[PDB]
Amino acid sequence: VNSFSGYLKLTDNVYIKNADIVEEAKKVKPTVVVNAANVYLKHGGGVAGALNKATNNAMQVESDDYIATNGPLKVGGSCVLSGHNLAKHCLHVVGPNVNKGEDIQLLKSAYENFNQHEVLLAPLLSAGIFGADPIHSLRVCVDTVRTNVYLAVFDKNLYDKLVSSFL
Ligand SMILES: O=C(NCc1c(C(=O)O)[nH]c2ccccc12)c1ccc2[nH]cnc2c1
């Protein structure tokens, strides 16, 4: 038993809700919140900009130190950093950005990072400003992640299309 509320159960291990991941993160304090990161951990917009703002820019400060030490992530890769006031940990995961021409097949590799964590609150990778089809992203998520994933979908209209079209 865990503290996530109001989710619709899609599969054995995947759950979905219409929620603001920032507000869901502040209420659950999950062990892991997933950020929709880029390779530079520059948290300017989308989910990353929203999570970072909610940390009063502490996520960005920590991220800049991480990059200065380690260099950029790989597309499809991840790193674990602090969750600040939102979670114990933040798993920064880089899905491919279609608006940069990145190979969509890397979306499966990105979701594989979730399997290193028993339970996660997460957005749909490569959705939103990353330019992928969220329905495709949901299918890859379901077919790749084996751990328990609670997907927060900000847009109510999108949440309805994802549910109604889910196979
Ligand atoms: O961009 C936001 N959500 C869209 C999105 C999804 C999704 O919802 O499936 N997946 C993504 C992956 C990368 C980038 C963006 C997305 C977002 C979320 C909460 C906010 N709170 C204030 N602004 C906000 C913006």
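Scan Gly83, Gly71 and give me the residue that is closer than 30 Å to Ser5 by Cβ and small (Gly, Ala, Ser).
The match here is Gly83.
Taking strands (runs of 3 or more DSSP E) that do not extend beyond region 44-122, which have at least 2 residues that are in contact (Cβ under 8 Å) with a residue 24 or more places away in the chain, within 20 Å of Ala152 (Cα to Cα) and within 16 Å of the ligand (Cβ to nearest atom)?
Because the criterion is at least 2 residues that are in contact (Cβ under 8 Å) with a residue 24 or more places away in the chain, within 20 Å of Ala152 (Cα to Cα) and within 16 Å of the ligand (Cβ to nearest atom), the strands (runs of 3 or more DSSP E) in region 44-122 that meet it are 89-93, 119-122.
Identify the single condition in (1) surrounded by fewer than 23 Cβ atoms within 10 Å (Cβ to Cβ); (2) under 13 Å from the mean Cα position of the chain (by Cα); (3) hydroxyl-bearing (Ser, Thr, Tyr) that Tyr111 does not satisfy, given that it satisfies every other one.
For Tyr111, the exception is condition (1).
Table: residues versus (1) of a type in the set (D, E, K, R); (2) touching a strand residue (DSSP E or B) at 6+ places or on another chain (Cβ under 6 Å); (3) within 20 Å of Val33 (Cα to Cα).
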{"residue": "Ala68", "(1), (2), (3)": "no, no, no"}
{"residue": "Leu86", "(1), (2), (3)": "no, yes, yes"}
{"residue": "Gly95", "(1), (2), (3)": "no, no, yes"}
{"residue": "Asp103", "(1), (2), (3)": "yes, no, no"}
{"residue": "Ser126", "(1), (2), (3)": "no, no, yes"}
{"residue": "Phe130", "(1), (2), (3)": "no, no, yes"}
{"residue": "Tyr150", "(1), (2), (3)": "no, yes, yes"}
{"residue": "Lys156", "(1), (2), (3)": "yes, yes, no"}
{"residue": "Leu167", "(1), (2), (3)": "no, no, no"}
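Among the residues of region 141-153, is any more than 13 Å from the chain's Cα centre (by Cα) and at positive phi?
Checking region 141-153: not a single residue is more than 13 Å from the chain's Cα centre (by Cα) and at positive phi.
For residues that are out of contact with any helix residue (DSSP H, G or I) (no Cβ under 9 Å at 6 or more places or on another chain) and not in a loop (DSSP other than H, G, I, E, B), scanning just region 24-43, find the one that is nearest to the ligand (Cβ to nearest atom).
Going through the qualifying residues, I end up with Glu24.
Identify all residues within region 133-167 that are buried (at least 16 other Cβ atoms within 10 Å of the Cβ), part of a loop (DSSP other than H, G, I, E, B) and within 11 Å of the ligand (Cβ to nearest atom); write none if there are none.
Scanning region 133-167 gives a single hit, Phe154.
As a convention, Cβ positions derive from the backbone with ideal geometry for all residues, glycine included, and neighbour counts pool all protein chains shown. Bear in mind that the values in this text are calculations on the coordinates, not laboratory data.
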